[PDB]
Number of protein chains: 4
Amino acid sequence: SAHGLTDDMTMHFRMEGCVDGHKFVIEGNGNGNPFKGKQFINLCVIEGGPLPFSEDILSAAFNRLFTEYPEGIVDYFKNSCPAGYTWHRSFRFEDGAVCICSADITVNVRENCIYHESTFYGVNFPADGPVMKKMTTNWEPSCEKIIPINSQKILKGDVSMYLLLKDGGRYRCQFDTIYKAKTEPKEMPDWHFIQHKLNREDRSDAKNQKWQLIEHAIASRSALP
Amino acid sequence: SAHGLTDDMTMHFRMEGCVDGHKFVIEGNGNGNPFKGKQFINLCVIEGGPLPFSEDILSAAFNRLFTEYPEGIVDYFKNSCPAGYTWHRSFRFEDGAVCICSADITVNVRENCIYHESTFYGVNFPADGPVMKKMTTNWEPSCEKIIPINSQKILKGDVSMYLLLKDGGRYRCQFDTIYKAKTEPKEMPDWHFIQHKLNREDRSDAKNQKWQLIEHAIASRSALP
Amino acid sequence: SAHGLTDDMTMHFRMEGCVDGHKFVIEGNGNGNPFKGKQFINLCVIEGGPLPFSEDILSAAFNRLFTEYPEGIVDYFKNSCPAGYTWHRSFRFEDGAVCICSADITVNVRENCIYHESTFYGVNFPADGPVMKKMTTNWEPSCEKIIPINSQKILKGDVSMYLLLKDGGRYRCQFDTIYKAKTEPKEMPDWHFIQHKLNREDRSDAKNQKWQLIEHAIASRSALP
Amino acid sequence: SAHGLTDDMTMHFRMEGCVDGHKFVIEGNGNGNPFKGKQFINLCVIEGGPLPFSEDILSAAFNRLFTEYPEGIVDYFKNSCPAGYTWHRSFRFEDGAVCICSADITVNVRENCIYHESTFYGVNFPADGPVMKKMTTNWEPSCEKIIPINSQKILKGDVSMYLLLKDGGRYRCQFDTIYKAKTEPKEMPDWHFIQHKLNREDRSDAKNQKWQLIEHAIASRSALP
């Protein structure tokens, strides 16, 4: 019950985006253990579906509160709760397309639920690219580098991502993020890693395009002594 | 009329955007001579003013119809009128900031007016960068290379841009644009260059943030025989 | 003489390099008119032949003296003669390959001959890429932007290059060059453009791998009034 | 005594490089446990010293044989011994400078020593940059991503590196590597991580510029279950 978070919370998701001119809105709700960096997100496309681009590109847009932080690493994110935090991210794929996303994370103590406001925009996905051809299956597990920006008291994210393709090829992407606490940080953490594992399961049917995302993230430092 | 265009038209502008969470809306109008690739733009911030980021980053979002093309190069843009055309672009600044914008151009023949609709999103402008410190003054005259992608009957733009700084420095940006006619083109151009000159003059008062833009662009091939 | 240069000179070339472990040495000569930015280059592989990678990637390594400059723009290069100048450049291809090259240009007044010495190193050209499959044909005419760095009295080059492919495709590369006079310049130019046209004609026989290059370059400012 | 490697070997180092025109040669010899991914390298600049650029940029040029591979991960490197392997790497620093390095690793069973042939080239380090001003202290610990290239049976390396600066700033760099076994690989490993820790200790004096590098590297997979 620290900072407004419990070992078993819920979340509500709302995302509005536009990719190469195609507008869309996504409604969702999930649950997870902010302390074990584990969450189950359930999303449904209410507007724009069926999406003309691969839904995998949106995955990383839907919450560092769900990160397991050991005692040795300051937890900037939970530290700024229940107020929440905001982040801004961009990424260019190896084929020129670039996307940017922003989200506002707010914790509602009364409901023991987290409210996620998501924004996503992308441009220039090649017509014959794996994204427009829906040939992606999952983001390969990664190791994100979290750097502290002292002067301004915020964090920077740097992670090389690979979107695995059905044809076995790898689609490289560079995540560059800025994490801002909605509350003046009293203590800034040192640099550290955050390994992630994000999986997508298509739950689509004749009526709706929907899917589930399971994210497992955990912080740490150099494995080397 | 020749594609519904004349040498003395007016324009209507409406942009909606968000840079690092700060929403804003801009409206404006103007006049120009498409045949001489010359245009005057008058903008006013009707929402989100005063903008916390330099207005210079938005400048290249406000119409290739205003490009003087020589008869030796196919004018993909004027050929798409009056229906018009759409475009998508990414801005990758040297300090990590990245922006993406899209627009829809349409010609209203009866009104001899061109309607311009756009969206602009940017992310990660450093707090002490030239953009947030409002040190930018104007984009530097450039030379964009236009490449044809015949398989999709669309065009690709490539131009390394430089924003001049008040201290005498410069700030680099990379423009990667995809241009696409609304109606299928029955003829495609070979690659070519487009030189531009874009100038901004701020005319903000106590009641509103406003400014004018002046663009001049000409299409050409290599200068070497 | 005007800086020891004349309108009908000869040149001497010697390049040493290594691309992905494959060493090679190239020698050659030529003639040209610096005042009209026009030159003819004859190269021959004397070591490492036949080159396993397309000879096109080396082409831009073989002299800004051959740039026709208008009196309205300071000719930083001719002003550095006869001592000459040195330059350093990086090539970042779209498939991950990166090359770096440097050269030292010197004018031998008595011999009316320019001595050109260079080194060229490249790395990671994919086995099935256009370079190793020898699919390249010629660089496309370009427009390089020259920027002055007054604090070090040196110049910076910026040009997005495209190598044309035999199947009708293109292969992008990014030229980032630093140019520096050997003797301190007593005058610096403003930024400007330099348009180029470089053509290769292979003339290899049973005994040697040889080819000729023809370059034409002119300096200018914006085409817009 | 597997593949020619023991739990306690030695190495000899020879590197020839050129940075922005400055030539240099480095002679060295080290020892380590290829099985615990631990090594102590001792280098001395015999030519070109004192180096005008920060010696930290050369660090990663001096042997994946020194990586601890658990039973669950195939060991491509030791697998190709005692023949050895070769690698090619490039990296662009956030300020434009780019370097490329290559090395040939050969194991000498009789001497129980590894011979390291190193090549390094860099260009365009800003005069007032942290590299030319010698303001760097160490490469921050990292997590490299090792990907297998099936078709060709080789490995690709991807690691975002940060060269820590005396003034506390971080100097970003992107390592892109290709690892090639000098012997047809019979078994290719799946993707995996290789965390590293490389430290530099200046052992320079009035006669020689010399220093020691301790590298500790260990392979693994997603920390997440």
Side-chain angles (χ1 to χ4, degrees), chain B residues 224-225, chain C residues 1-17 24-49 51 55-69 75-89 91 99-120 138-139 141-142 144 146 155 157 159 175 177-183 194-204 208-219, chain D residues 21:
Chain B
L224 307 132
Chain C
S1 187
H3 288 300
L5 305 170
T6 72
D7 76 6
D8 193 10
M9 313 186 74
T10 61
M11 299 90 85
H12 177 275
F13 300 103
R14 186 188 167 75
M15 172 185 279
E16 284 170 39
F24 65 85
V25 170
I26 297 175
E27 295 206 317
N29 49 49
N31 61 286
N33 181 338
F35 299 102
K36 292 187 176 173
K38 187 170 49 190
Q39 72 173 327
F40 305 67
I41 309 170
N42 304 302
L43 306 173
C44 177
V45 184
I46 68 175
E47 282 185 45
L51 303 175
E55 52 203 28
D56 286 305
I57 69 177
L58 305 170
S59 299
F62 302 91
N63 195 342
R64 284 281 59 83
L65 294 191
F66 294 97
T67 304
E68 181 176 7
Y69 269 83
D75 191 337
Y76 179 89
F77 307 97
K78 289 195 181 61
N79 282 345
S80 72
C81 294
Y85 82 104
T86 66
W87 57 268
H88 301 283
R89 168 187 299 154
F91 306 57
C99 295
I100 61 176
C101 53
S102 306
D104 176 301
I105 289 69
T106 305
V107 188
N108 188 143
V109 187
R110 180 202 178 79
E111 291 176 28
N112 190 44
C113 173
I114 302 170
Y115 281 76
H116 187 283
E117 285 288 311
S118 68
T119 57
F120 188 102
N138 270 303
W139 286 96
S142 70
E144 162 177 38
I146 303 302
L155 304 181
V159 60
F175 282 21
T177 319
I178 292 294
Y179 307 97
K180 45 188 70 173
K182 278 175 185 171
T183 45
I194 292 185
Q195 278 196 43
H196 320 242
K197 184 161 293 192
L198 177 66
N199 283 286
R200 170 179 67 81
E201 183 196 298
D202 174 85
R203 300 175 172 183
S204 294
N208 290 294
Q209 174 169 27
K210 308 179 311 311
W211 69 91
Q212 168 180 268
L213 296 180
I214 295 176
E215 180 192 37
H216 197 359
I218 301 187

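In what follows, chains carry the letters A, B, and so on, assigned in the order in which the sequence lines appear, proteins first and then strands, with residues in each chain numbered from 1.
- Nearest heavy atoms, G157(C) versus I146(C): CA-CD1, 4.2 Å.
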Test side-chain contact (heavy atoms from CB on, under 4.5 Å) applied to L58(C) and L51(C), step by step: CA-CA 11 Å; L58(C) 305 170; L51(C) 303 175; 4.0 Å; yes
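- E215(C) and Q39(C) are linked by a side-chain donor-acceptor pair at a separation below 3.5 angstrom, with hydrogens and angles left out of the test.
- Atoms CD1 and OG1, on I100(C) and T177(C) in that order, are 12.5 Å from each other to the nearest 0.5 Å.
- For the atom pair SG (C99(C)) and CZ (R89(C)), the distance works out to 11.5 Å, reported to the nearest 0.5 Å.
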May I have the step-by-step check of side-chain contact (heavy atoms from CB on, under 4.5 Å) for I218(C) and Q195(C), ending in yes or no? CA-CA 6 Å; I218(C) 301 187; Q195(C) 278 196 43; 5.6 Å; no
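- Shown here are the side chain to side chain contact (heavy atoms under 4.5 Å, CB included) partners of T10(C), two or more places apart in sequence or in another chain: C113(C).
- Across all their heavy atoms, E201(C) and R203(C) have their closest contact at OE2-NE, 2.6 Å.
- With rounding to the nearest 0.5 Å, the separation of CD in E47(C) from CD1 in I26(C) is 11.0 Å.
- Atom CZ of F35(C) sits about 7.0 Å away from atom OG1 of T6(C), to the nearest 0.5 Å.
- The side-chain hydrogen bond (donor to acceptor under 3.5 Å, both in side chains) test applied to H196(C) returns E144(C), not counting sequence neighbours.
- Every side-chain hydrogen bond (donor to acceptor under 3.5 Å, both in side chains) that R14(C) has, sequence neighbours left out, goes to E16(C), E27(C).
- Qualifying salt bridge (charged side-chain N to carboxylate O under 4.0 Å, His left out) partners for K210(C), counting only residues two or more places apart in sequence or in other chains: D205(C).
- Residues that satisfy the salt bridge (charged side-chain N to carboxylate O under 4.0 Å, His left out) test with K182(C), not counting sequence neighbours, are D104(C).
- Under the 4.5 Å side-chain criterion, counting only non-hydrogen atoms from C-beta, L224(B) is not in contact with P141(C).
- Between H88(C) and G21(D), the shortest heavy-atom distance links the atoms CE1-N, 3.5 Å.
- Looking at residues two or more places apart in sequence or on another chain, you find a salt bridge (charged side-chain N to carboxylate O under 4.0 Å, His left out) between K78(C) and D75(C).
- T183(C) meets the side-chain hydrogen bond (donor to acceptor under 3.5 Å, both in side chains) test with no other residue; sequence neighbours excluded.
- When all heavy atoms are compared, the tightest approach of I114(C) to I105(C) is CG2-CG2, 3.6 Å.
- Scanning both residues, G30(C) and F13(C), for their nearest heavy atoms gives N-CE1, 4.3 Å.
- When all heavy atoms of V107(C) and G4(C) are compared, the pair lying nearest together is CG1-O, 4.0 Å.
- Qualifying ring-ring contact (aromatic ring centres under 6.0 Å, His included) partners for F66(C), counting only residues two or more places apart in sequence or in other chains: none.
- Rounded to the nearest 0.5 angstrom, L65(C) CG and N79(C) CG are separated by 11.0 Å.
- Between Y179(C) and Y85(C), the two ring planes are tilted [angle within 30° to 60°].
- By the side-chain hydrogen bond (donor to acceptor under 3.5 Å, both in side chains) test, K38(C) is found to be paired with no residue, residues two or more places apart in sequence or in another chain being considered.
- Not counting sequence neighbours, the partners of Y115(C) by the ring-ring contact (aromatic ring centres under 6.0 Å, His included) test are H12(C).
- Scanning for salt bridge (charged side-chain N to carboxylate O under 4.0 Å, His left out) contacts around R200(C) gives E55(C), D56(C), with sequence neighbours left out.
- The ring-ring contact (aromatic ring centres under 6.0 Å, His included) search around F175(C) returns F91(C), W139(C), not counting sequence neighbours.
- Ring-plane geometry between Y69(C) and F77(C) is classed as tilted, the angle between the planes lying from 30 to 60 degrees on a 0 to 90 degree scale.
- Residue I214(C) holds its CD1 atom at 10.0 Å from CG of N138(C), rounded to the nearest 0.5 Å.
- Looking at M15(C) and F62(C), their side chains come closer than 4.5 Å, going by heavy atoms from C-beta outward.
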